[PDB]
There are 2 protein chains.
Amino acid sequence: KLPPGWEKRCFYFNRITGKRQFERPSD
Amino acid sequence: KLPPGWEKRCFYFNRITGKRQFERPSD
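Residues numbered from 1 in each chain as written, not as in the entry; some residues may be left out. Chains lettered and ligands numbered in written order. Heavy atoms only, no water.

- Its PDB record attributes the structure to solution NMR.

Listed below in structure tokens is the structure:
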């Protein structure tokens, strides 16, 4: 796994709303 | 699957180097 200080950040991007979430959208 | 316009994205942040990647660094 990756090194210290690192922190994976998986955000959902709704290019429609070109907005971001930290979740898999409900839709 | 994801709703329209959505795409699950993920960038790693090494707060050490407070920089970002789209990967879990080699380490």
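Section: the pairing of strand 1 (residues 6–14) of chain B
And step 1. As paired strands, strand 1 (residues 6–14) of chain A and strand 1 of chain B are joined by nine bridges and run antiparallel to one another. Of the residues in strand 1 of chain B, the one forming a bridge with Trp6(A) is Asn14(B).
And step 2. Summarising the sheet, strand 1 of chain B and strand 2 (residues 19–21) of chain B pair through three bridges and their orientation is antiparallel. Across the sheet, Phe13(B) pairs through a bridge with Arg20(B), a residue of strand 2 of chain B.
And step 3. Hairpin connection between strand 1 of chain B and strand 2 of chain B: a loop of four residues separates the two successive antiparallel strands, and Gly18(B) in this loop has a positive phi of roughly 25°. (Pairing = 2+ DSSP bridges. Helix = DSSP H or I, 4+ residues; strand = E, 2+ residues; numbered from the N terminus.)

Observations regarding the state of the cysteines
Among covalent bonds in proteins, the disulfide is the one between the sulfur atoms of two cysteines.
And step 1. Under the counting rule described, the total for this entry stands at one disulfide over all chains.
And step 2. At a sulfur-sulfur separation of 2.5 Å, the disulfide partner of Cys10(A) is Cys10(B). Across the S-S bond of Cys10(A) and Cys10(B) the torsion is about -45°, and the bridge reads as left-handed. Of this pair, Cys10(A) sits in strand 1 while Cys10(B) sits in strand 1, which puts the two residues in different chains.
And step 3. We classify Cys10(A) as partly exposed; its relative accessible area is 24%. (Disulfide = S-S within 2.5 Å. Buried < 20%, exposed > 50% of the residue type's maximum accessible area, 1.4 Å probe, protein only.)

Quick notes on the pattern of salt bridges
And step 1. Tallied over the full model, the rule gives two salt bridges over all chains.
And step 2. For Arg9(A), the salt bridge identified is with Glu7(A), shortest N-O distance 3.0 Å.
And step 3. Using a relative accessible area of 32% as the deciding quantity, one classes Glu7(A) as partly exposed.
And step 4. Among the salt bridges present, the one from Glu7(A) reaches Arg15(B), with a minimum N-O distance of 3.0 Å. Taken together, the residues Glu7(A) in strand 1 and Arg15(B) in the loop between strand 1 and strand 2 connect one chain to another. (Salt bridge = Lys/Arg side-chain N within 4 Å of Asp/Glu carboxyl O.)

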